[PDB]
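Here the protein sequences come in this chain order: A, B and C.
For the first sequence, the working numbering begins at 1 and goes up steadily by one.
For the second sequence, the working numbering begins at 1001 and goes up steadily by one.
For the third sequence, the working numbering begins at 2001 and goes up steadily by one.
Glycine residues also receive a C-beta, built at the ideal position from the N, C-alpha and C atoms.
In what follows, a structure is listed as structure tokens, so that the remarks can point back to it.
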Amino acid sequence: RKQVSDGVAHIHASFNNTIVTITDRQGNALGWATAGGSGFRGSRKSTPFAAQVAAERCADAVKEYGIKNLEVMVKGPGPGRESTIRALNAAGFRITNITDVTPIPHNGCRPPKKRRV
Amino acid sequence: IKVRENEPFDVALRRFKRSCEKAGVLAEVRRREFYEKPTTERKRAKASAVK
Amino acid sequence: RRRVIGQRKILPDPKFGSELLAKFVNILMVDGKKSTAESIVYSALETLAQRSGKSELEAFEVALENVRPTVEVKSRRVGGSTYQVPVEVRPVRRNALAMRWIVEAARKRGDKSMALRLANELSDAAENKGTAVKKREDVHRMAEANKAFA
RNA sequence: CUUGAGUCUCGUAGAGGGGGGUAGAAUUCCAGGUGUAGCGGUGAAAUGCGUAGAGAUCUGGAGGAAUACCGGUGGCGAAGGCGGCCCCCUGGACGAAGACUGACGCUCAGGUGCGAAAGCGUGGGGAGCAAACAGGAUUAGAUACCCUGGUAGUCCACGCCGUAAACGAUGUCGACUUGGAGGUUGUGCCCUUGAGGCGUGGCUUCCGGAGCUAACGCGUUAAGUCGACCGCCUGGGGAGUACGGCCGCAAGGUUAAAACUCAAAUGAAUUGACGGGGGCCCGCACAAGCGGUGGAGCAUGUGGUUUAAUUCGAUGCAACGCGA
Ligand SMILES: [Mg+2]
Ligand SMILES: [Mg+2]
Ligand SMILES: [Mg+2]
Ligand SMILES: [Mg+2]
Ligand SMILES: [Mg+2]
Ligand SMILES: [Mg+2]
Ligand SMILES: [Mg+2]
Ligand SMILES: [Mg+2]
Ligand SMILES: [Mg+2]
């Protein structure tokens, strides 16, 4: 029940998917939902006009609690890393600031040669 | 990448850090590195850059 | 593919003088037989004076109320396959759209006639039975409920 | 003897090489709070991971590889090379006044040495990519292309091999020969007041003059104009393969034929066509709409079919109610 008021959020946005996990100032989780975790799948999802109906899903599981204000992490680029933040503030939310927490090597490991389509 | 302000007015200014990284140093890392292609990308896609 | 004329003006109802309805009484007439239209629709509008008895003139525009779609599925080809980008429609087609399928579904019913196979689906259509509005919502369920690509 | 080679001096920039430190980011795997039905992924999907709690997410540890940004069209070295930072031991290259010896000189078959990657050794470590391998899907099909995993092996010394489109497919050393916008270094002088300003040496990038060039192009960094030396080349396939020597743990490397055999194999350059290459239009092309065919009878043309013959020609858009 605690009623936080100063907890955080984490928007992990891969290309073919994007999750919204609401956690607390420290780091402990709180509530969540996500793209494929809502009706549309395949690649019908990913588009921003899907990954904020998710956003407004976390709202109904993060209001059982008390959040008078929050901040956000955008670990991950892609199709739902702005639009996600849009149906945020509006659906009845404050916000100190935004902080980016996306990967950044100093050239440390090799990456997937992968897609050689 | 630090924002935050006073006077609640969901401003903007998240773009100020849009041009010191972002997908920028992600395209470089995304799939693979370059290896020899930089042997011909900074020293070859440079013919792109002479005027 | 490069001509922006406009729309071709059409002749009014033989009494009321209705251009907005002038184009309804055009998509009903088979093989240019405006001798079986000016007496099957201009008359199946006064037989709604039995489905209620009220003012049948504006007792048109409302049967086309729950029957006018406003966002549509306008395809495209970018990415690797298709694109649905549903988008809005303008009035130069709105009024007309419904008019059509409205008579269209009103054909493949099976009533006693067609002065009746039409005096029926222009009240029912106003009441949400028939394919009238079920089409409407057979569409909007896909359109504007698909603004992920739009 | 002194301008060529150089020695001292005295400056100077730099990822030059070897050894020893290291700090930060970053994945992954470990350990627990949270937290719930989800994450991962493709064109979509599947394989795999998640109610034995994925992923998200936090706080912690282990550990291996690599050093974003700076970074440059840059810098270095004799090539193959080489990128944070620190410390010791150590090359080379450049310049300025000078100071010095006095043709030492530039060429070199064989000779010796360095050797990207890959691989074989002994032994180490093994975080991430990943041949080989197994699922998964696509197809006719898939021993491949994308998906999920993963062994070697990328990494370490110690040693071998000693080949690559080993690149600029363009030896070396030396003086010439119109310039024009630069990059980086070094030293002279200009109210040095100055961003800068002007001469001048190494390196360098792009245009490009004559001229050379079979064309494309090289052009002060020459593919110009000459001078010393060494390397190789003589038509294609057969063939850098076979045969002998050599080296090599081997895999193989290199020294290198013959026999048949074809009128050609080539280089650049134009001409069009064709691109599942781009850029820009045009048509009922398409999209938007109205009608109809296939399907049902019947008329009819055709190829089948059978005929004693079913009279010849038309055979995609161009033939089929076509010449009948
Ligand atoms: Mg050099
Ligand atoms: Mg190796
Ligand atoms: Mg694979
Ligand atoms: Mg030139
Ligand atoms: Mg040749
Ligand atoms: Mg026409
Ligand atoms: Mg059409
Ligand atoms: Mg039709
Ligand atoms: Mg013939």
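Handout entry: Coil, strand or helix - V1050 (chain B) by DSSP
Key = coil
Practice task
Measuring only between beta-carbons, confirm whether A1049 (chain B) sits less than 7 Å from chain A.
Solution key: no
Practice task
In the DSSP assignment, find the alpha helix (DSSP H) that holds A2098 (chain C) and state where it starts and stops.
Solution key: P2091 to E2104
Exercise for the section: Enumerate in chain order the residues of its own chain whose CB-to-CB distance from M73 (chain A) is below 8 Å, with the five nearest sequence positions on each side excluded. Expected result: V8, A9, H10, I11, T99, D100 and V101
Problem - Reference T2070 (chain C), options C:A2049, C:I2040, C:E2061 and C:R2090, closest by Cα - result: C:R2090
Problem - Chain-order list of residues whose beta-carbon lies under 6 Å from that of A59 (chain A) (same chain, five-residue window excluded) - result: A91
Handout entry: For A61 (chain A) and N28 (chain A), the rounded distance between their alpha carbons
Key = 15 Å
Handout entry: Span separating the alpha-carbon of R2002 (chain C) from that of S2075 (chain C)
Key = 21 Å
Problem - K2134 (chain C) - DSSP class collapsed to helix/strand/coil - result: helix
Practice task
Would you mind stating whether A55 (chain A) and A35 (chain A) have Cβ atoms separated by less than 7 Å?
Solution key: no
Practice task
For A2148 (chain C), count neighbouring Cβ atoms within 10 angstroms of its own Cβ and tell me buried if that reaches 16, exposed if not.
Solution key: buried
Practice task
Have a look at C:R2107, C:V2087 and C:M2114 and flag the residue whose alpha-carbon is nearest the alpha-carbon of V2139 (chain C).
Solution key: C:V2087
Practice task
Please list, in chain order, all residues of the same chain as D2013 (chain C) whose beta carbon is under 8 Å from its beta carbon, the five residues on each side excluded.
Solution key: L2021, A2022, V2025 and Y2042
Exercise for the section: Check the Cβ of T47 (chain A) against every Cβ in chain C and list those closer than 7 Å, keeping chain order. Expected result: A2148 and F2149
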